[PDB]
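*Asks:* Based on what follows, work out the 3D shape:
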Amino acid sequence: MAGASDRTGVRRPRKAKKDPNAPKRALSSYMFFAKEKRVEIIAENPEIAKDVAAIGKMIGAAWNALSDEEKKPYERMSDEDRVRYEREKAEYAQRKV
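*Replies:* Numbers count the residues shown, from 1 in each chain. Let me share the structure:
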C-alpha cells in the first residue's frame, strides 16, 4: 500500500503496469499435498487473478509448468501427469477470483 510519505511518489504493487513478479512453478510431486494450497496465491496476486486467457495458455504451459533444468530429463515434467490434476486447480480458482 502506497502512502509511505518517504518518497516523492511511492508506487504500489497493485499497479497494473507493475509486473506480478510471482512464482509460476507447478505443484511439487510428493509435496503436492502441501503445495496444493498454492492456489491460495491467487489472492496474494490479484494482478493475474483475473487471467481468463491462462485457461487457454495452460495447455502449452503444461510442459513449462515444471523446472526447466529438470525438464531436460523429462523425468519431472512427466511425473507431473498426476499433480497436473491439482495444478489445474489454481488456474480454475483464478477464473472465479
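*Asks:* which outside residues touch stretch 70-77?
*Replies:* 29, 63, 64, 65, 66, 67 (Cβ atoms under 8 Å, 6 or more residues apart in numbering). No exception for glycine: its C-beta is placed from N, CA and C like everyone else's.
*Asks:* Could you report the neighbour count for the second one?
*Replies:* Translated: residue 63. Residues near residue 63, counting by other Cβ atoms under 10 Å, number 11.
*Asks:* try the fourth one
*Replies:* Neighbour count for residue 65, taken as other Cβ under 10 Å: 19.
*Asks:* Geometric centre of the protein: which residue is closest?
*Replies:* residue 24 (3.7 Å; Cα atoms, centre = their mean).
*Asks:* Could you pull up phi and psi at that one?
*Replies:* Main-chain dihedrals, residue 24, degrees, to the nearest 10: phi -120, psi 30.
*Asks:* ok, residue 86 - contacts?
*Replies:* Counting by Cβ under 8 Å, 6+ apart, residue 86 has contacts 27, 32, 35, 36.
*Asks:* In helices only, show me the residues you listed.
*Replies:* Cross-referencing the contacts of residue 86 against helices under DSSP state H gives 32, 35.
*Asks:* Longest helix of this protein, counting residues only.
*Replies:* Longest helix in the chain, counting residues (DSSP H): helix 76-96.
*Asks:* Check which residues of stretch 22-31 are buried.
*Replies:* The neighbour-count check on stretch 22-31 (16 or more other Cβ atoms under 10 Å) flags 26, 27, 28 as buried.
*Asks:* my guess is the last one meets residue 80, correct?
*Replies:* Translated: residue 28. No. If you go by Cβ atoms under 8 Å, residue 28 and residue 80 don't touch, sitting 9.6 Å apart.
*Asks:* Spit out the residues that contact these two alike.
*Replies:* Between them, residue 28 and residue 80 share no contacting residue, judged by Cβ under 8 Å, 6+ apart.
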